[PDB]
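> generate a structure from the sequence data that follows.
(chains A, B and C, ligands or ions: 8)
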Amino acid sequence: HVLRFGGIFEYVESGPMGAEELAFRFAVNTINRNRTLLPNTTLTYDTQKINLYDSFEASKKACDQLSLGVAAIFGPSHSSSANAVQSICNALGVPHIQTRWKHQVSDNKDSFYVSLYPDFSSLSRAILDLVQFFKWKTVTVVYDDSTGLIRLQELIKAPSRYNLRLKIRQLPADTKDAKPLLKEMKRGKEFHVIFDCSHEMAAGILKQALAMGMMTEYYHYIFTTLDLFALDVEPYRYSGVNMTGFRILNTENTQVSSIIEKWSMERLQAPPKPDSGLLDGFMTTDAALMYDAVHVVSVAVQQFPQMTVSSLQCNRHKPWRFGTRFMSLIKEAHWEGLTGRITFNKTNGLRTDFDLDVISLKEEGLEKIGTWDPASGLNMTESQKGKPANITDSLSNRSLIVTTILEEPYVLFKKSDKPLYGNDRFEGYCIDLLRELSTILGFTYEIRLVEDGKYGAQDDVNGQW
Amino acid sequence: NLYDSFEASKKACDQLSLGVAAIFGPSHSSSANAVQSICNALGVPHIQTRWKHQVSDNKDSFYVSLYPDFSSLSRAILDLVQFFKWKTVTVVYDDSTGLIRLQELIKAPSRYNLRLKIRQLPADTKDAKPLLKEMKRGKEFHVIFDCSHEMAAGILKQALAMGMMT
Amino acid sequence: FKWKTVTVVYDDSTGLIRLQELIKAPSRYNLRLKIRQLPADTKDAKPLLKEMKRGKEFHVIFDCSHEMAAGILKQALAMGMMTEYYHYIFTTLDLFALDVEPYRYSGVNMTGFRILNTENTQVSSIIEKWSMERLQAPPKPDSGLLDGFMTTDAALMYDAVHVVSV
Ligand SMILES: *[C@@H]1O[C@H](CO)[C@@H](O[C@@H]2O[C@H](CO)[C@@H](O[C@@H]3O[C@H](CO[C@H]4O[C@H](CO)[C@@H](O)[C@H](O)[C@@H]4O)[C@@H](O)[C@H](O[C@H]4O[C@H](CO)[C@@H](O)[C@H](O)[C@@H]4O)[C@@H]3O)[C@H](O)[C@H]2NC(C)=O)[C@H](O)[C@H]1NC(C)=O
Ligand SMILES: *[C@@H]1O[C@H](CO)[C@@H](O[C@@H]2O[C@H](CO)[C@@H](O[C@@H]3O[C@H](CO[C@H]4O[C@H](CO)[C@@H](O)[C@H](O)[C@@H]4O)[C@@H](O)[C@H](O[C@H]4O[C@H](CO)[C@@H](O)[C@H](O)[C@@H]4O)[C@@H]3O)[C@H](O)[C@H]2NC(C)=O)[C@H](O)[C@H]1NC(C)=O
Ligand SMILES: *[C@@H]1O[C@H](CO)[C@@H](O[C@@H]2O[C@H](CO)[C@@H](O[C@@H]3O[C@H](CO)[C@@H](O)[C@H](O)[C@@H]3O)[C@H](O)[C@H]2NC(C)=O)[C@H](O)[C@H]1NC(C)=O
Ligand SMILES: *[C@@H]1O[C@H](CO)[C@@H](O[C@@H]2O[C@H](CO)[C@@H](O[C@@H]3O[C@H](CO)[C@@H](O)[C@H](O)[C@@H]3O)[C@H](O)[C@H]2NC(C)=O)[C@H](O)[C@H]1NC(C)=O
Ligand SMILES: *[C@@H]1O[C@H](CO)[C@@H](O[C@@H]2O[C@H](CO)[C@@H](O)[C@H](O)[C@H]2NC(C)=O)[C@H](O)[C@H]1NC(C)=O
Ligand SMILES: *[C@@H]1O[C@H](CO)[C@@H](O)[C@H](O)[C@H]1NC(C)=O
Ligand SMILES: *[C@@H]1O[C@H](CO)[C@@H](O)[C@H](O)[C@H]1NC(C)=O
Ligand SMILES: *[C@@H]1O[C@H](CO)[C@@H](O)[C@H](O)[C@H]1NC(C)=O
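Residues are numbered from 1 along each chain as shown, chains lettered A, B, ... in the order given. Ligands and ions are numbered 1, 2, ... in the order given. See below for the structure:
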């Protein structure tokens, strides 16, 4: 017989196919071509077009799609559309397998849904375990979407028990305009930032943080999204910046590294964009979780062969007779995939047991620096040390602003011919100290003067210098 | 039945076949988002009475909300914190959307001297005593309880028994 | 308790006679009494307790019966005087028969006495056996008394028959 796995995807008008849509098409063709998994069922897709956040049409296509009869409906990747189809699938018995995080309210009495994006009750614990490891005190959470507070719940709280000085800021609705925000972070000394965005807006927020000179070794970033490896970090590979994140897309096994490599070839027909900071042809996370969405229900239909696809009706509330059994086999699956272990939680169809791999920005790109289980905490690796090991050109590619004062043995204007500009307008002892410090460290330097005239002393009634 | 977004969509289509002029739709956000998506697609006005988090990508024209915007009230509470000269507060909210309802008060330490210490009630009702005992210790004198009035009465019954009505 | 300032709040006129050796105590020790007296009414203790909150009367030696020892603490809760600052010594022997359920988590440290020998199983059985014909009549719930316990006035009349029976 033939199963009829459904699915809702946003189509770009004349943009070829959605990235999640390309996964769900190709992951069905993987099961049909490899008869090791499901040798006798031959799955079939029913992909429909859905407008950006239109909950009626997501209710309209799905009631049309349950008239065709499906065995599962793969979710609308939005939030207002997903809350609709979750309630269609609950009232008619069909499972509703989700791929992205919606705001789950505390009181939906629904059973027929599983989320495959990992829960932010566990992610916001994994952010704070990075904060506790780095021994920060001045965290500067920057979100972009209004539900980013929900995503960082356990980090917005705990200045209570874990003594922080959290300061919360929001990117405006001018989406590529983090310039007025980053001007307010350069002043006020916000060097420890927990940018909570998508990787599209995590790319363009770094190009605006490079041109402002906020990409020096003073700064440290703990980007929240599970897509940090899909950024072109080559402009930032040699700047000395700390840049920490996560990765759930397992890129370690020779098995799963082929699937990314196989379908980077396949979505090469899908044309890229200009230099928007992100690398081309990466199965980011959304096509990875939709890939795992096909398999975990495919290991559920394997353990339950007596299935049909009943042509259900929206008007009559006759539940799909196989529904309660087929939902219980989805929630009791453990089938491994791209994003690691895909075990579910009971008492809610979420994913609170998963395997993150903490990544960092080093001189060789983005490298794994540890791992994180929800019941094993943050297992960081041991650098264990190397050596200083020829400090001679460690500060190469740098640029430093040096401030001096005229002092006749140490700094004097070079009293000579026609006007000397740049660094040649100074001479003395500690100017000649820079000339043999820039030799032994290899940086560039611009001697500014002070504007005040002074050397530094505390104001008695104010405290400033 | 609220907490059910598909019965909210069927009874809306039953009224629109019956010929209503305006749906005064339900209270909960999972149901009211489904009703205004119907009321947008069929022209008919939806008139809301409760707070609902409008996603900023809902390009939707046919809804009005008579519940006052928490853009305004979280600037109203931030005025009272400054009128009372406070320097340390404790936002005790109730359910997960309380962080969304109080954005302009949580974003306030970025611009003022105010120093928030955000907390959250449990799923239960009379289990607020392990929370209030953790507020007595640590000297949490100034509290910005974000609850409904059903649970605003419930906390003060525990806050009396903890000896926190001083 | 290392006290240096108390406030004897007695109930009727003979409370001065009942507490001679505590009123005569500033003559010999460092203790500094500030004797007060409840009104003729019951719920009129709030003008007294408001005059004790002002003046910082932290340490109180209420001399009342247990009927009015429950009545003051109901006003002393409503005045916000059940805190971790305040400390009450009750002179009655029926302290153990008060409803301390709304006062247990307050932070208060109510001290008193108890002459009932409620450790021995012989004594504890007679208190149980007496409760059967006492629960035949219902009490009022608003009083604030844990019903079923055997009061000191009932206990001494039980002992008065036996000490003559011996
Ligand atoms: C970016 O990534 C780099 C590495 O990739 C991280 O580097 C760390 O740099 C900091 C300093 O900038 C090191 O900080 C440690 O601080 C500890 C606190 O104790 C000192 O604190 C006061 C000031 O508050 C000092 O005045 C005083 O001297 C105290 O000692 C220390 O315990 C650390 O000392 C360590 O080194 C000495 C020898 O130097 C040894 O005895 C011990 O190994 C000791 O642990 C140190 O001073 C931190 O060690 C660096 N981590 C590394 C190299 O892994 C950055 O954190 C990261 N982020 C940013 C924003 O740059
Ligand atoms: C900022 O300053 C840094 C140095 O401080 C410069 O960054 C790179 O530094 C690395 C190592 O320090 C260099 O990497 C080596 O490159 C060799 C080939 O050279 C380059 O050739 C062309 C240019 O002609 C480039 O297109 C190409 O990408 C290469 O980078 C490789 O042979 C080396 O590989 C192996 O070397 C040894 C010996 O086998 C092994 O032990 C190593 O493990 C390694 O596998 C090595 O990769 C590199 O040359 C530097 N420059 C780059 C990448 O441009 C930056 O240049 C400087 N910033 C700017 C903007 O210039
Ligand atoms: C299914 O989901 C529930 C709801 O999240 C899980 O319960 C949660 O379990 C975690 C541990 O995995 C607990 O979190 C606690 O965090 C604090 C802060 O660090 C720590 O002090 C505690 O020791 C504990 O780690 C907590 O019991 C609970 N969290 C809730 C209810 O918010 C449950 O574990 C999941 N089932 C699984 C994964 O099998
Ligand atoms: C956190 O760190 C690692 C994450 O990989 C966990 O596994 C441990 O990995 C090290 C490798 O450096 C193992 O050490 C050696 O492994 C080899 C190969 O098996 C073995 O032959 C050696 O005798 C030596 O043990 C280590 O055993 C391994 N731990 C295990 C398997 O339990 C590590 O367990 C994590 N947890 C902790 C608490 O460190
Ligand atoms: C009521 O109880 C508390 C704690 O049980 C006591 O006050 C503190 O605890 C010890 C034990 O008596 C004292 O030695 C400390 O000096 C007390 N702390 C302070 C800061 O004074 C005490 O038994 C009672 N306290 C009150 C205020 O009634
Ligand atoms: C079929 O899929 C299974 C499960 O991933 C894998 O072990 C096997 O190698 C695959 N076979 C082929 C021929 O691709
Ligand atoms: C499933 O496939 C096996 C062959 O691997 C076959 O024996 C069996 O009949 C199939 N089940 C069906 C067709 O229901
Ligand atoms: C180490 O430092 C010396 C100092 O000038 C430098 O000449 C040399 O190239 C460096 N590297 C090695 C491998 O010696």
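
> which stretches of the stretch 301-450 of chain A form strands?
Ranges of strands in the stretch 301-450 of chain A, per DSSP state E, counting those that start in this stretch, are A:359-362, A:365-368, A:370-373, A:377-380, A:399-404, A:412-413, A:426-427, A:444-449.

> so for residue B:19, which of those sits nearest?
Residue B:19 sits nearest to strand A:370-373 of all these, at 57.1 Å, using CB to CB. Just so you know, the C-beta spots here come from the backbone N, C-alpha and C atoms, and that holds for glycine as well.

> who touches the closest one?
A:126, A:129, A:246, A:353, A:355-358, A:378-381 (CB atoms under 8 Å, 6 or more residues apart in numbering or on different chains).

> try stretch A:457-465
With CB under 8 Å, 6+ apart, stretch A:457-465 has contacts from residue A:456.

> may I have the distance across that stretch, first residue to last?
End-to-end span of stretch A:457-465 (CA to CA, to the nearest Å): 5 Å.

> same thing with stretch A:329-345?
Using CA to CA, the two ends of stretch A:329-345 sit 13 Å apart.

> run through who's touching that stretch.
Contacts of stretch A:329-345 (CB under 8 Å, 6+ apart): A:95, A:97, A:114, A:116, A:119, A:248-250, A:256, A:259-260, A:283, A:285, A:288-289, A:291-292, A:295-300, A:303-304, A:346, A:349-355.

> for chain A, which residue gets nearest to ligand 7?
Relative to ligand 7, the nearest point of chain A is residue A:40 (3.2 Å; CB to the nearest ligand atom).

> around ligand 7, which positions in the stretch 301-450 of chain A sit nearby?
With the criterion set to CB under 6 Å from any ligand atom, the stretch 301-450 of chain A comes near ligand 7 through residue A:305.

> and the stretch 301-450 of chain A, which residues reach chain B?
By CB under 8 Å from any CB of the partner chain, the residues of the stretch 301-450 of chain A that approach chain B are A:314-315.

> quick one: the helices in the stretch 301-450 of chain A?
Here the stretch 301-450 of chain A has its helices, by DSSP state H, counting those that start in this stretch, at A:323-330, A:429-441.

> next, the buried residues of the shortest one.
Buried residues in helix A:323-330, counted by 16 or more other CB atoms under 10 Å in any protein chain shown: A:323, A:326-327, A:329-330.

> okay, those in JSON lines with distance to residue A:147 next?
Converted to JSON lines, those look like this (distance: CB to CB, whole Å):
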{"residue": "A:323", "distance to residue A:147": "30"}
{"residue": "A:326", "distance to residue A:147": "31"}
{"residue": "A:327", "distance to residue A:147": "27"}
{"residue": "A:329", "distance to residue A:147": "31"}
{"residue": "A:330", "distance to residue A:147": "26"}
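
> identify, from those, the entry nearest to residue A:227.
Out of those, the member with the shortest distance to residue A:227 (by CB to CB) is residue A:330, at 25.8 Å.

> for residue A:94, see how far away that closest one is.
11 Å (CB to CB, to the nearest Å).

> equivalent analysis for residue A:68, please.
With CB to CB as the criterion, residue A:68 and residue A:94 are 12 Å apart.

> of the two, which one has the most company?
Neighbour tally, residue A:68 and residue A:94, criterion other CB atoms under 10 Å in any protein chain shown: the higher count belongs to residue A:94, 29 against 12.

> just checking, the more buried one is part of a helix?
No. Residue A:94: not assigned to a helix; according to DSSP: H, G, I helix; E, B strand; the rest coil it is coil.

> could you list every residue that touches it?
So, once contact is read as CB under 8 Å, 6+ apart, residue A:94 ends up touching A:66, A:70-73, A:112, A:312, A:320, A:323.

> hmm, 6 Å instead?
A:73, A:320 (CB atoms under 6 Å, 6 or more residues apart in numbering or on different chains).

> go on, residue A:99?
Residue A:99 touches A:75, A:116, A:289-290, A:293, counting by CB under 6 Å, 6+ apart.

> how about residue A:81: what's its closest non-neighbour residue?
residue A:58 (4.0 Å; CB to CB, 6 or more residues apart in numbering or on different chains).

> can you put the strands of the stretch 301-450 of chain A in CSV and add mean neighbour count and distance to residue A:202?
Listed next are those as CSV, based on neighbours: other CB atoms under 10 Å in any protein chain shown; distance: least, CB to CB, whole Å:
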stretch, mean neighbour count, distance to residue A:202
strand A:359-362, 18, 13
strand A:365-368, 14, 13
strand A:370-373, 17, 20
strand A:377-380, 14, 22
strand A:399-404, 12, 25
strand A:412-413, 12, 47
strand A:426-427, 18, 41
strand A:444-449, 13, 29
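
> burial count for residue A:15?
Residue A:15: 10 neighbours (other CB under 10 Å).

> cool, and the one 5 residues further on?
Other residues lying near residue A:20 total 25 when counted by other CB under 10 Å.

> isn't it right up against residue A:284?
No. With contact defined as CB atoms under 6 Å, residue A:20 does not reach residue A:284; the gap is 9.5 Å.

> which single residue in chain A comes nearest to chain C?
Nearest to chain C in chain A, going by CB to the nearest CB, is residue A:160, at a distance of 20.7 Å.
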